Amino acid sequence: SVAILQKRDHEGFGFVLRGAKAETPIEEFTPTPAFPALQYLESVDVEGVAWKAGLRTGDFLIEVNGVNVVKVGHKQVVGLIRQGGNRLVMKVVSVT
């Protein structure tokens, strides 16, 4: 699914991203339906922007703003998220 997030300057998107650090051997990772990406949503604030856009805990991040991040390390994915400022589009797959 694709979530479209557009927030106010002073607020957050309302989620916590967790996933593999670039310093680990991320080059050895092979995506599978049971673990489809390196980064995923640890939590989503209820009635936050991400929640209202349909994101939920356990969603694995496939794309950020059209860029595939399945095999991308944490800091680089965070950089792509922050690059859009108040606007963010994320393609995810739900583990649930």
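From 1 onward, residues are counted along the sequence shown.
Across the other PDB entries of this protein whose models span the neighbouring residues, residue 87 is modelled without exception, so it is unmodelled in far fewer than a third.
For residue 43, the fraction of other compared entries lacking coordinates, among those that model flanking residues, is zero, nowhere near a third.
Averaged over CA atoms, B-factors in the entry run higher in 23-31 than in the other of 23-31 and 42-50. Per-chain ranking of the deposited C-alpha B factor places residue 2 in the middle third.
When the CA B factors of the chain's modelled residues are split into thirds, the value for residue 16 lands in the lowest one. In the PDB entry, residue 72 places in the middle third of its chain by CA B-factor. Residue 92 sits in the lowest third of its chain by CA B factor, as recorded in the PDB entry.
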